[PDB]
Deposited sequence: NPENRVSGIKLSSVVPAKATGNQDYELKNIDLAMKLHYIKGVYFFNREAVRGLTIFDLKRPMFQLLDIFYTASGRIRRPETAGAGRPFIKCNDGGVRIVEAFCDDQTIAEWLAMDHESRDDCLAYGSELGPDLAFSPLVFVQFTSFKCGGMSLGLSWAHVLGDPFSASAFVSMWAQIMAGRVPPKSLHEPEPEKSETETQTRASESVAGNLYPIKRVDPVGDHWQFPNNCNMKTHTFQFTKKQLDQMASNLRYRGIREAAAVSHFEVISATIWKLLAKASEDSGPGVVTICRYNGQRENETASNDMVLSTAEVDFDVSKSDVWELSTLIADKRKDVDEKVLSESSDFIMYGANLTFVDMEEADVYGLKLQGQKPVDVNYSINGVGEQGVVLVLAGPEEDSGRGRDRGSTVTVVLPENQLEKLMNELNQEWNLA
């Protein structure tokens, strides 16, 4: 059981340095329409980047960081009415984990089934909404050393780009810098805010090299190539590409995703659905092809070093499946592909990719 790879975690909380003031924070209709999905982002750092770094050193920047992201420490409150993020300082949940059993390389070489669900701790919002953390930050220390930062981010708080900005601002502050409907409607969930797992869909991470990506593009940028290849090797009606808006810096968490519905490479290359108050879902609704290539996850600077791996995944996937595309670990640019499909579709994709690039 990969879920048991970590034996014993210490939970604590971190709150803004300056009391926000308990002010309300109204949520836009788009935010309430993605109150069922969650971001899991895991960054890996080798032994050099964690040279003499203790728990307090890692937790210190969090107070200033949450002073910036004043909503990351808030809690969902309701007047039956529309939920809003009350800014009472419940804080984010810090999880200290130890993995004396294995090292970073073993994790990089282990199977991807239930792999990072134990590196990025964090539950959903509910059934006690008023006392549900919106952000979980887990620092995992391995046997030989190195550190894994796992962020579980409530999508209602912000889009995955906001989570990446949160982690980047954490790193910068630690360094020293001074600051066929696209959206499905589903049954009410009450106050648990978690999509039921009707099926047994599985998740998997694929790694693509520069040479492989450029070679498989001949028969068809990097995103268009991967999306077309996956679509061709998967269908063997529409695709909802997501791009977001990366023109943000030193800003609070915001949700400004951009959708593009295409009805195969040409289809990839080239808004009032939410009525007022229903429970919506768009991830894994019409084969979303979410991307983070317009991010800078590998641009983090920890002790003058950069992460050796970044894995981004989506929880709350619907019935169709989610394809996540992320920039590879520098060198010869690669690509990390965290994708969730129904078991059968995942097996077909694995078989085709093993036939082509021996990837499985």
Where are the gaps relative to the deposited sequence?
80-83, 184-210, 252-262, 279-285, 313-324, 332-337, 399-404
